[PDB]
$ cat entry.pdb   # PDB, C-alpha atoms and all ligand atoms
ATOM      1  CA  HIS A   4     -14.250   4.130 -38.697
ATOM      2  CA  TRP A   5     -15.095   2.645 -35.342
ATOM      3  CA  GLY A   6     -18.118   3.454 -33.389
ATOM      4  CA  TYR A   7     -21.010   1.878 -31.505
ATOM      5  CA  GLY A   8     -23.280   0.694 -34.378
ATOM      6  CA  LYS A   9     -24.142  -2.728 -35.843
ATOM      7  CA  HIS A  10     -21.403  -2.513 -38.408
ATOM      8  CA  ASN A  11     -18.677  -0.682 -36.547
ATOM      9  CA  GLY A  12     -19.354  -1.382 -32.821
ATOM     10  CA  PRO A  13     -17.395  -3.285 -30.195
ATOM     11  CA  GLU A  14     -17.565  -6.698 -31.914
ATOM     12  CA  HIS A  15     -15.806  -5.171 -34.951
ATOM     13  CA  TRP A  16     -13.015  -3.228 -33.187
ATOM     14  CA  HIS A  17     -10.558  -6.149 -33.218
ATOM     15  CA  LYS A  18     -10.089  -5.917 -37.012
ATOM     16  CA  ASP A  19      -8.478  -2.487 -36.805
ATOM     17  CA  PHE A  20      -7.273  -2.865 -33.209
ATOM     18  CA  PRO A  21      -6.239  -6.433 -32.619
ATOM     19  CA  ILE A  22      -5.345  -5.701 -28.974
ATOM     20  CA  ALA A  23      -9.159  -5.800 -28.503
ATOM     21  CA  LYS A  24      -8.618  -9.520 -27.883
ATOM     22  CA  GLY A  25      -5.626  -8.904 -25.607
ATOM     23  CA  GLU A  26      -4.746 -10.059 -22.198
ATOM     24  CA  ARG A  27      -5.763  -7.026 -20.132
ATOM     25  CA  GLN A  28      -8.834  -5.495 -21.816
ATOM     26  CA  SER A  29     -11.488  -3.346 -20.169
ATOM     27  CA  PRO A  30     -14.152  -3.087 -18.926
ATOM     28  CA  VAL A  31     -14.772  -6.232 -16.848
ATOM     29  CA  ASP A  32     -17.462  -7.487 -14.609
ATOM     30  CA  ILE A  33     -16.474  -6.984 -10.929
ATOM     31  CA  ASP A  34     -17.474 -10.078  -9.080
ATOM     32  CA  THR A  35     -17.648  -8.632  -5.571
ATOM     33  CA  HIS A  36     -17.442 -11.946  -3.820
ATOM     34  CA  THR A  37     -14.201 -12.995  -5.740
ATOM     35  CA  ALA A  38     -12.455  -9.504  -5.345
ATOM     36  CA  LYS A  39     -10.124  -9.911  -2.430
ATOM     37  CA  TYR A  40      -9.539  -7.281   0.230
ATOM     38  CA  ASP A  41      -5.982  -6.098   0.065
ATOM     39  CA  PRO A  42      -4.999  -4.492   3.366
ATOM     40  CA  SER A  43      -1.727  -3.317   1.724
ATOM     41  CA  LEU A  44      -3.773  -0.873  -0.494
ATOM     42  CA  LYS A  45      -3.652   2.777   0.502
ATOM     43  CA  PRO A  46      -6.382   5.248   0.652
ATOM     44  CA  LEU A  47      -6.768   6.875  -2.632
ATOM     45  CA  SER A  48      -5.532  10.552  -2.666
ATOM     46  CA  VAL A  49      -7.566  12.721  -4.946
ATOM     47  CA  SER A  50      -6.199  16.270  -4.965
ATOM     48  CA  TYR A  51      -8.430  18.385  -7.247
ATOM     49  CA  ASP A  52      -8.297  21.800  -5.419
ATOM     50  CA  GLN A  53      -6.265  23.442  -8.191
ATOM     51  CA  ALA A  54      -7.834  21.664 -11.199
ATOM     52  CA  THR A  55      -8.086  23.968 -14.267
ATOM     53  CA  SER A  56     -10.629  22.967 -16.809
ATOM     54  CA  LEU A  57     -10.197  24.463 -20.253
ATOM     55  CA  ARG A  58     -12.757  23.246 -22.674
ATOM     56  CA  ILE A  59     -15.465  20.673 -23.508
ATOM     57  CA  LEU A  60     -15.410  18.757 -26.700
ATOM     58  CA  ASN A  61     -17.767  16.413 -28.624
ATOM     59  CA  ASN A  62     -15.340  14.003 -30.223
ATOM     60  CA  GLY A  63     -17.920  11.994 -31.949
ATOM     61  CA  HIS A  64     -17.996   9.147 -29.352
ATOM     62  CA  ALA A  65     -18.450  11.065 -26.091
ATOM     63  CA  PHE A  66     -17.750  14.489 -24.715
ATOM     64  CA  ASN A  67     -14.462  15.306 -23.020
ATOM     65  CA  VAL A  68     -14.027  17.924 -20.329
ATOM     66  CA  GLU A  69     -10.316  18.817 -20.724
ATOM     67  CA  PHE A  70      -7.912  20.138 -18.160
ATOM     68  CA  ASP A  71      -4.659  22.050 -17.993
ATOM     69  CA  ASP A  72      -2.223  19.421 -17.426
ATOM     70  CA  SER A  73       0.912  21.610 -17.955
ATOM     71  CA  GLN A  74       1.497  22.015 -14.208
ATOM     72  CA  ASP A  75       1.285  19.928 -11.131
ATOM     73  CA  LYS A  76      -2.458  20.327 -10.347
ATOM     74  CA  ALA A  77      -5.257  17.837 -10.095
ATOM     75  CA  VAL A  78      -3.454  14.663  -9.134
ATOM     76  CA  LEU A  79      -4.291  11.151  -8.160
ATOM     77  CA  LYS A  80      -1.946   9.142  -6.039
ATOM     78  CA  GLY A  81      -1.925   6.522  -3.327
ATOM     79  CA  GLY A  82      -4.370   3.681  -3.607
ATOM     80  CA  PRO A  83      -2.711   1.052  -5.825
ATOM     81  CA  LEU A  84      -0.526   3.659  -7.543
ATOM     82  CA  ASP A  85       3.221   4.256  -7.469
ATOM     83  CA  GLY A  86       3.932   7.881  -8.076
ATOM     84  CA  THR A  87       1.651  10.655  -9.251
ATOM     85  CA  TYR A  88      -0.863  10.781 -12.019
ATOM     86  CA  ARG A  89      -2.176  14.074 -13.503
ATOM     87  CA  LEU A  90      -5.738  14.675 -14.600
ATOM     88  CA  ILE A  91      -6.064  15.380 -18.322
ATOM     89  CA  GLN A  92      -9.769  14.852 -19.079
ATOM     90  CA  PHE A  93     -13.003  13.274 -17.967
ATOM     91  CA  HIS A  94     -15.785  11.801 -19.956
ATOM     92  CA  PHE A  95     -18.789   9.518 -19.564
ATOM     93  CA  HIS A  96     -20.239   6.384 -21.135
ATOM     94  CA  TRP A  97     -24.024   6.056 -20.987
ATOM     95  CA  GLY A  98     -27.094   4.203 -22.227
ATOM     96  CA  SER A  99     -30.267   4.787 -24.245
ATOM     97  CA  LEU A 100     -32.228   3.632 -21.180
ATOM     98  CA  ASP A 101     -31.551   3.850 -17.401
ATOM     99  CA  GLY A 102     -31.009   0.071 -17.250
ATOM    100  CA  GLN A 103     -27.734   0.157 -19.197
ATOM    101  CA  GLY A 104     -24.811   2.392 -19.870
ATOM    102  CA  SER A 105     -21.953   1.583 -17.597
ATOM    103  CA  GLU A 106     -18.883  -0.244 -18.884
ATOM    104  CA  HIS A 107     -17.851  -1.974 -15.676
ATOM    105  CA  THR A 108     -20.523  -4.018 -14.083
ATOM    106  CA  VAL A 109     -20.859  -5.133 -10.402
ATOM    107  CA  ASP A 110     -22.027  -8.721 -10.091
ATOM    108  CA  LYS A 111     -23.448  -8.226 -13.625
ATOM    109  CA  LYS A 112     -25.370  -5.089 -12.638
ATOM    110  CA  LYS A 113     -25.240  -2.263 -15.213
ATOM    111  CA  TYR A 114     -25.510   1.312 -14.037
ATOM    112  CA  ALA A 115     -27.052   4.050 -16.132
ATOM    113  CA  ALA A 116     -23.679   5.633 -16.864
ATOM    114  CA  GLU A 117     -20.031   5.675 -15.851
ATOM    115  CA  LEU A 118     -17.673   8.615 -15.378
ATOM    116  CA  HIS A 119     -13.990   8.183 -16.286
ATOM    117  CA  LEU A 120     -11.430  10.659 -14.893
ATOM    118  CA  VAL A 121      -8.306  10.032 -16.905
ATOM    119  CA  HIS A 122      -4.897  10.686 -15.418
ATOM    120  CA  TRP A 123      -1.339  10.105 -16.802
ATOM    121  CA  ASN A 124       1.758   9.038 -14.889
ATOM    122  CA  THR A 125       4.001  12.062 -14.537
ATOM    123  CA  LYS A 127       7.126   9.991 -14.818
ATOM    124  CA  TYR A 128       6.371   9.713 -18.569
ATOM    125  CA  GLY A 129       6.154  13.461 -19.178
ATOM    126  CA  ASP A 130       2.878  13.668 -21.114
ATOM    127  CA  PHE A 131      -0.199  11.660 -22.079
ATOM    128  CA  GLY A 132       1.189  10.592 -25.412
ATOM    129  CA  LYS A 133       4.244   8.934 -24.002
ATOM    130  CA  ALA A 134       2.265   7.533 -21.023
ATOM    131  CA  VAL A 135      -0.079   5.543 -23.262
ATOM    132  CA  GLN A 136       2.963   3.641 -24.571
ATOM    133  CA  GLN A 137       3.517   2.208 -21.071
ATOM    134  CA  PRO A 138       1.804  -0.493 -19.122
ATOM    135  CA  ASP A 139       1.528   1.785 -16.044
ATOM    136  CA  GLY A 140       0.966   5.007 -18.055
ATOM    137  CA  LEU A 141      -2.619   5.806 -17.033
ATOM    138  CA  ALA A 142      -4.882   5.720 -13.965
ATOM    139  CA  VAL A 143      -8.625   5.977 -14.647
ATOM    140  CA  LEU A 144     -10.954   6.700 -11.748
ATOM    141  CA  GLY A 145     -14.265   5.161 -12.663
ATOM    142  CA  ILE A 146     -17.504   6.300 -10.963
ATOM    143  CA  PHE A 147     -20.925   4.795 -11.532
ATOM    144  CA  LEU A 148     -24.015   6.870 -12.147
ATOM    145  CA  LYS A 149     -27.521   5.837 -11.044
ATOM    146  CA  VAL A 150     -30.696   7.794 -11.762
ATOM    147  CA  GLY A 151     -32.379   9.352  -8.683
ATOM    148  CA  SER A 152     -31.568  12.712  -7.064
ATOM    149  CA  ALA A 153     -29.780  15.268  -9.228
ATOM    150  CA  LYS A 154     -26.033  15.840  -8.862
ATOM    151  CA  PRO A 155     -25.754  19.557  -8.447
ATOM    152  CA  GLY A 156     -22.081  19.542  -9.460
ATOM    153  CA  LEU A 157     -22.922  17.996 -12.768
ATOM    154  CA  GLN A 158     -25.346  20.659 -13.869
ATOM    155  CA  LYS A 159     -22.719  22.995 -15.325
ATOM    156  CA  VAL A 160     -21.724  20.192 -17.710
ATOM    157  CA  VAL A 161     -25.315  19.376 -18.628
ATOM    158  CA  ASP A 162     -26.108  22.991 -19.415
ATOM    159  CA  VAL A 163     -23.206  23.386 -21.927
ATOM    160  CA  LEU A 164     -24.154  20.297 -23.936
ATOM    161  CA  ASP A 165     -26.537  22.265 -26.151
ATOM    162  CA  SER A 166     -23.454  24.036 -27.519
ATOM    163  CA  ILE A 167     -21.561  20.869 -28.516
ATOM    164  CA  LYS A 168     -24.380  18.822 -29.937
ATOM    165  CA  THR A 169     -22.436  17.436 -32.794
ATOM    166  CA  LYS A 170     -19.104  15.825 -33.541
ATOM    167  CA  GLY A 171     -16.189  18.282 -33.548
ATOM    168  CA  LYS A 172     -17.901  21.040 -31.666
ATOM    169  CA  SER A 173     -16.046  22.488 -28.632
ATOM    170  CA  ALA A 174     -16.764  25.186 -26.165
ATOM    171  CA  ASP A 175     -14.801  27.064 -23.488
ATOM    172  CA  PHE A 176     -15.308  25.382 -20.220
ATOM    173  CA  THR A 177     -13.376  27.020 -17.455
ATOM    174  CA  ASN A 178     -13.494  26.830 -13.768
ATOM    175  CA  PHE A 179     -15.354  23.485 -13.558
ATOM    176  CA  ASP A 180     -14.641  21.744 -10.294
ATOM    177  CA  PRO A 181     -14.541  17.923 -10.685
ATOM    178  CA  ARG A 182     -14.750  17.509  -6.891
ATOM    179  CA  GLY A 183     -18.492  18.003  -7.316
ATOM    180  CA  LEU A 184     -18.739  14.728  -9.242
ATOM    181  CA  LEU A 185     -17.264  12.493  -6.453
ATOM    182  CA  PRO A 186     -19.256  10.299  -4.051
ATOM    183  CA  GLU A 187     -18.585  10.371  -0.267
ATOM    184  CA  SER A 188     -16.616   7.227  -0.065
ATOM    185  CA  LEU A 189     -13.309   6.499  -1.912
ATOM    186  CA  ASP A 190     -13.654   2.763  -1.325
ATOM    187  CA  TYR A 191     -12.623   1.100  -4.617
ATOM    188  CA  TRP A 192     -11.828  -1.978  -6.652
ATOM    189  CA  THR A 193      -8.655  -2.036  -8.770
ATOM    190  CA  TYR A 194      -7.221  -4.133 -11.586
ATOM    191  CA  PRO A 195      -4.931  -3.707 -14.599
ATOM    192  CA  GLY A 196      -6.644  -3.005 -17.887
ATOM    193  CA  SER A 197      -7.083  -0.846 -20.919
ATOM    194  CA  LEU A 198      -8.755   2.096 -22.591
ATOM    195  CA  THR A 199     -12.325   1.077 -23.323
ATOM    196  CA  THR A 200     -12.267   2.792 -26.702
ATOM    197  CA  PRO A 201      -9.927   2.323 -29.640
ATOM    198  CA  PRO A 202      -6.959   2.261 -29.584
ATOM    199  CA  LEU A 203      -7.698   0.016 -26.581
ATOM    200  CA  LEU A 204      -4.185   0.406 -25.251
ATOM    201  CA  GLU A 205      -3.243  -1.694 -22.250
ATOM    202  CA  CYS A 206      -1.900   1.229 -20.069
ATOM    203  CA  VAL A 207      -4.552   1.620 -17.393
ATOM    204  CA  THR A 208      -4.606   0.981 -13.640
ATOM    205  CA  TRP A 209      -8.359   1.011 -13.130
ATOM    206  CA  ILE A 210      -9.697   2.379  -9.846
ATOM    207  CA  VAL A 211     -13.481   1.816  -9.762
ATOM    208  CA  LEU A 212     -15.340   3.403  -6.833
ATOM    209  CA  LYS A 213     -17.891   1.269  -5.034
ATOM    210  CA  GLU A 214     -20.211   4.063  -4.165
ATOM    211  CA  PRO A 215     -22.195   5.434  -7.198
ATOM    212  CA  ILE A 216     -23.299   9.044  -7.598
ATOM    213  CA  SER A 217     -26.918   9.844  -8.248
ATOM    214  CA  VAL A 218     -27.934  12.007 -11.161
ATOM    215  CA  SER A 219     -31.446  12.914 -12.208
ATOM    216  CA  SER A 220     -33.434  11.559 -15.104
ATOM    217  CA  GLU A 221     -33.394  15.022 -16.561
ATOM    218  CA  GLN A 222     -29.567  15.249 -16.351
ATOM    219  CA  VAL A 223     -29.038  11.891 -18.175
ATOM    220  CA  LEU A 224     -31.705  12.774 -20.700
ATOM    221  CA  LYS A 225     -29.633  15.702 -21.758
ATOM    222  CA  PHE A 226     -26.619  13.382 -22.365
ATOM    223  CA  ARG A 227     -28.869  11.419 -24.664
ATOM    224  CA  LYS A 228     -29.607  14.489 -26.831
ATOM    225  CA  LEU A 229     -26.064  14.648 -28.013
ATOM    226  CA  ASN A 230     -25.196  13.416 -31.464
ATOM    227  CA  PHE A 231     -22.504  11.047 -32.761
ATOM    228  CA  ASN A 232     -22.758  12.743 -36.234
ATOM    229  CA  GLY A 233     -21.373  16.042 -37.378
ATOM    230  CA  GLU A 234     -23.507  19.109 -38.113
ATOM    231  CA  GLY A 235     -25.351  18.657 -41.373
ATOM    232  CA  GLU A 236     -25.484  14.864 -41.197
ATOM    233  CA  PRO A 237     -28.327  12.429 -40.460
ATOM    234  CA  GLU A 238     -28.998  12.596 -36.730
ATOM    235  CA  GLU A 239     -27.821   9.614 -34.710
ATOM    236  CA  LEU A 240     -28.242  10.134 -31.006
ATOM    237  CA  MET A 241     -25.107   9.656 -28.827
ATOM    238  CA  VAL A 242     -26.417   6.789 -26.701
ATOM    239  CA  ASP A 243     -25.026   3.366 -25.766
ATOM    240  CA  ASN A 244     -21.392   4.468 -26.141
ATOM    241  CA  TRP A 245     -20.284   1.649 -23.776
ATOM    242  CA  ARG A 246     -18.091  -1.415 -24.468
ATOM    243  CA  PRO A 247     -19.426  -4.515 -22.781
ATOM    244  CA  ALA A 248     -17.467  -6.514 -20.251
ATOM    245  CA  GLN A 249     -14.435  -8.378 -21.549
ATOM    246  CA  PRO A 250     -12.816 -11.590 -20.346
ATOM    247  CA  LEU A 251     -10.910 -11.281 -17.140
ATOM    248  CA  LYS A 252      -8.227 -13.708 -18.233
ATOM    249  CA  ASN A 253      -5.290 -13.929 -15.882
ATOM    250  CA  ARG A 254      -6.328 -11.013 -13.606
ATOM    251  CA  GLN A 255      -7.257 -10.403 -10.002
ATOM    252  CA  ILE A 256      -9.525  -7.594  -8.887
ATOM    253  CA  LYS A 257      -8.505  -6.167  -5.501
ATOM    254  CA  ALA A 258     -10.797  -4.399  -3.024
ATOM    255  CA  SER A 259      -9.643  -1.511  -0.810
ATOM    256  CA  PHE A 260     -12.365  -2.296   1.755
ATOM    257  CA  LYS A 261     -13.650  -5.341   3.613
TER     258      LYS A 261
HETATM  259  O1  LIG B 301     -12.745   6.001 -23.124
HETATM  260  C1  LIG B 301     -11.493   6.435 -22.861
HETATM  261  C2  LIG B 301     -11.007   7.290 -23.786
HETATM  262  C3  LIG B 301      -9.777   7.935 -23.852
HETATM  263  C4  LIG B 301      -8.701   7.918 -23.043
HETATM  264  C5  LIG B 301      -8.581   7.214 -21.900
HETATM  265  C6  LIG B 301      -9.556   6.348 -21.315
HETATM  266  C7  LIG B 301     -10.885   5.959 -21.704
HETATM  267  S1  LIG B 301     -11.781   4.879 -20.742
HETATM  268 ZN    ZN B 302     -13.912   5.856 -20.869
END

$ encode --input "entry.pdb" --output "structure tokens" --more "lines below"
Ligand SMILES: Oc1cccccc1=S
Ligand SMILES: [Zn+2]
Amino acid sequence: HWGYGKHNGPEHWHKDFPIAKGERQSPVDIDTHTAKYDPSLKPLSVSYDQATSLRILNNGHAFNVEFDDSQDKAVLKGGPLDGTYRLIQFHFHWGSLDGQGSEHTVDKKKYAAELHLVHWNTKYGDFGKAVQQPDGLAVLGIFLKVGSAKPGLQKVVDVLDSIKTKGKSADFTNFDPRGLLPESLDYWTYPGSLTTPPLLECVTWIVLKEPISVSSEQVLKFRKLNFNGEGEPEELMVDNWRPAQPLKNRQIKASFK
């Protein structure tokens, strides 16, 4: 099955998931000089005051922090979006080394990691139906650089010990994803896809310009996770990023001059 190795990594995904070579794949390189300012874009509205986290899961490719998405809490709207999109989960993609790990790049620069807050369009009723639609998802993407620690990340870091291996989950309540957001909501946006199989073309990407800083110690703990299950040869969960894909017939819009 797919993964991030020599024999099952991103260059192989197209055999099981032919949309890998589709017209709106992600990630992409954001060429900052080509991305045009769009003064019609609205400020992004991130309303996370009532977010209810449930659980954290090692799914064998990343860890997901999952939310209660059964009520109208934790919503993204405005920006490029029509309507309201509900937070279901966040996860990260990260490197074996500080010099790589992000999926989007900015003028070819790779950050150490990238946070994806995944939201589904409420008009489609749930996540499963939303991923069948070209406007089903909105992913807020946030870069991570290594420097100062992010205090609001530490609760996540500390639970990772308990989900080392594929299939492990742990209760994870009362986590506030507002502590993972930079000051500015200035963003780039374009139409794309999930960055993991099934690579569905449902996503309005909203990539924040301003990175967050995390410490070396915090990212080191991400790199202690395992892609394997308990009782299997250890393969560290590192370099779970898809590289940049062809832009094809797309424009990247900037919310800011
Ligand atoms: O990596 C992903 C996994 C699953 C669902 C939605 C979005 C992304 S980027
Ligand atoms: Zn992702």

$ residues_near_point --input "entry.pdb" --point "(-6.2, -4.7, -3.7)" --cutoff "7 Å" --atoms "all atoms listed in the file" --output "PyMOL selection string"
chain A and resi 39-41+44+192-193+256-259

$ residues_near_point --input "entry.pdb" --point "(-14.0, 1.1, -17.1)" --cutoff "7 Å" --atoms "all atoms listed in the file" --output "JSON, numbers by chain"
{"A": [29, 30, 106, 107, 145, 199, 209]}

$ residues_around --input "entry.pdb" --residues "residue 178 in chain A" --least-positions-apart "6" --cutoff "12 Å" --atoms "all atoms listed in the file" --output "short mmCIF file (atom, residue, chain, number, x, y, z; two decimals) with C-alpha atoms, in the coordinates of the input"
data_model
loop_
_atom_site.label_atom_id
_atom_site.label_comp_id
_atom_site.auth_asym_id
_atom_site.auth_seq_id
_atom_site.Cartn_x
_atom_site.Cartn_y
_atom_site.Cartn_z
CA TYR A 51 -8.43 18.39 -7.25
CA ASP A 52 -8.30 21.80 -5.42
CA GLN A 53 -6.26 23.44 -8.19
CA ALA A 54 -7.83 21.66 -11.20
CA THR A 55 -8.09 23.97 -14.27
CA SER A 56 -10.63 22.97 -16.81
CA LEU A 57 -10.20 24.46 -20.25
CA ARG A 58 -12.76 23.25 -22.67
CA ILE A 59 -15.46 20.67 -23.51
CA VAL A 68 -14.03 17.92 -20.33
CA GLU A 69 -10.32 18.82 -20.72
CA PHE A 70 -7.91 20.14 -18.16
CA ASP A 71 -4.66 22.05 -17.99
CA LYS A 159 -22.72 23.00 -15.32
CA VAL A 160 -21.72 20.19 -17.71
#

$ closest_atom_pairs --input "entry.pdb" --of "chain A" --to "ligand LIG 301 (chain B)" --cutoff "12 Å" --atoms "all atoms listed in the file" --output "Markdown table"
| residue | atom | partner | partner_atom | distance |
| --- | --- | --- | --- | --- |
| A:6 | CA | B:LIG301 | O1 | 11.9 |
| A:28 | CA | B:LIG301 | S1 | 10.8 |
| A:29 | CA | B:LIG301 | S1 | 8.3 |
| A:30 | CA | B:LIG301 | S1 | 8.5 |
| A:62 | CA | B:LIG301 | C2 | 10.3 |
| A:63 | CA | B:LIG301 | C2 | 11.7 |
| A:64 | CA | B:LIG301 | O1 | 8.7 |
| A:65 | CA | B:LIG301 | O1 | 8.2 |
| A:66 | CA | B:LIG301 | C2 | 9.9 |
| A:67 | CA | B:LIG301 | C2 | 8.8 |
| A:68 | CA | B:LIG301 | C3 | 11.4 |
| A:69 | CA | B:LIG301 | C4 | 11.3 |
| A:90 | CA | B:LIG301 | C5 | 10.8 |
| A:91 | CA | B:LIG301 | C4 | 9.2 |
| A:92 | CA | B:LIG301 | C4 | 8.1 |
| A:93 | CA | B:LIG301 | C6 | 8.4 |
| A:94 | CA | B:LIG301 | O1 | 7.3 |
| A:95 | CA | B:LIG301 | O1 | 7.8 |
| A:96 | CA | B:LIG301 | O1 | 7.8 |
| A:97 | CA | B:LIG301 | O1 | 11.5 |
| A:105 | CA | B:LIG301 | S1 | 11.1 |
| A:106 | CA | B:LIG301 | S1 | 9.0 |
| A:107 | CA | B:LIG301 | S1 | 10.5 |
| A:117 | CA | B:LIG301 | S1 | 9.6 |
| A:118 | CA | B:LIG301 | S1 | 8.8 |
| A:119 | CA | B:LIG301 | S1 | 6.0 |
| A:120 | CA | B:LIG301 | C6 | 8.0 |
| A:121 | CA | B:LIG301 | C5 | 5.7 |
| A:122 | CA | B:LIG301 | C5 | 8.2 |
| A:123 | CA | B:LIG301 | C5 | 9.3 |
| A:131 | CA | B:LIG301 | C4 | 9.3 |
| A:132 | CA | B:LIG301 | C4 | 10.5 |
| A:134 | CA | B:LIG301 | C5 | 10.9 |
| A:135 | CA | B:LIG301 | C5 | 8.8 |
| A:140 | CA | B:LIG301 | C5 | 10.5 |
| A:141 | CA | B:LIG301 | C5 | 7.8 |
| A:142 | CA | B:LIG301 | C6 | 8.7 |
| A:143 | CA | B:LIG301 | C6 | 6.7 |
| A:144 | CA | B:LIG301 | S1 | 9.2 |
| A:145 | CA | B:LIG301 | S1 | 8.5 |
| A:146 | CA | B:LIG301 | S1 | 11.4 |
| A:196 | CA | B:LIG301 | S1 | 9.8 |
| A:197 | CA | B:LIG301 | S1 | 7.4 |
| A:198 | CA | B:LIG301 | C7 | 4.5 |
| A:199 | CA | B:LIG301 | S1 | 4.6 |
| A:200 | CA | B:LIG301 | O1 | 4.8 |
| A:201 | CA | B:LIG301 | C2 | 7.8 |
| A:202 | CA | B:LIG301 | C3 | 8.5 |
| A:203 | CA | B:LIG301 | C7 | 8.3 |
| A:204 | CA | B:LIG301 | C5 | 8.8 |
| A:205 | CA | B:LIG301 | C6 | 10.3 |
| A:206 | CA | B:LIG301 | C5 | 9.2 |
| A:207 | CA | B:LIG301 | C6 | 7.9 |
| A:208 | CA | B:LIG301 | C6 | 10.6 |
| A:209 | CA | B:LIG301 | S1 | 9.2 |
| A:210 | CA | B:LIG301 | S1 | 11.4 |
| A:211 | CA | B:LIG301 | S1 | 11.5 |
| A:244 | CA | B:LIG301 | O1 | 9.3 |
| A:245 | CA | B:LIG301 | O1 | 8.7 |
| A:246 | CA | B:LIG301 | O1 | 9.2 |

$ resolve_selection --input "entry.pdb" --expression "the PyMOL selection byres (((chain A and resi 240) around 6) and not hetatm)" --output "list in words"
residues 229, 230, 239, 241 and 242 of chain A

$ atom_distance --input "entry.pdb" --atom1 "CA of residue 170 in chain A" --atom2 "CA of residue 228 in chain A"
12.5 Å

$ closest_residue --input "entry.pdb" --among "A:130, A:101, A:72, A:139" --to "residue 84 in chain A" --atoms "all atoms listed in the file"
A:139

$ closest_residue --input "entry.pdb" --among "A:86, A:194, A:243, A:111" --to "residue 227 in chain A" --atoms "all atoms listed in the file"
A:243

$ atom_distance --input "entry.pdb" --atom1 "CA of residue 8 in chain A" --atom2 "CA of residue 195 in chain A"
27.3 Å

$ closest_residue --input "entry.pdb" --among "A:188, A:61, A:79, A:129" --to "residue 234 in chain A" --atoms "only C-alpha atoms"
A:61

$ closest_residue --input "entry.pdb" --among "A:109, A:165, A:31, A:80" --to "residue 49 in chain A" --atoms "all atoms listed in the file"
A:80

$ atom_distance --input "entry.pdb" --atom1 "atom ZN of ligand ZN 302 (chain B)" --atom2 "CA of residue 116 in chain A"
10.6 Å
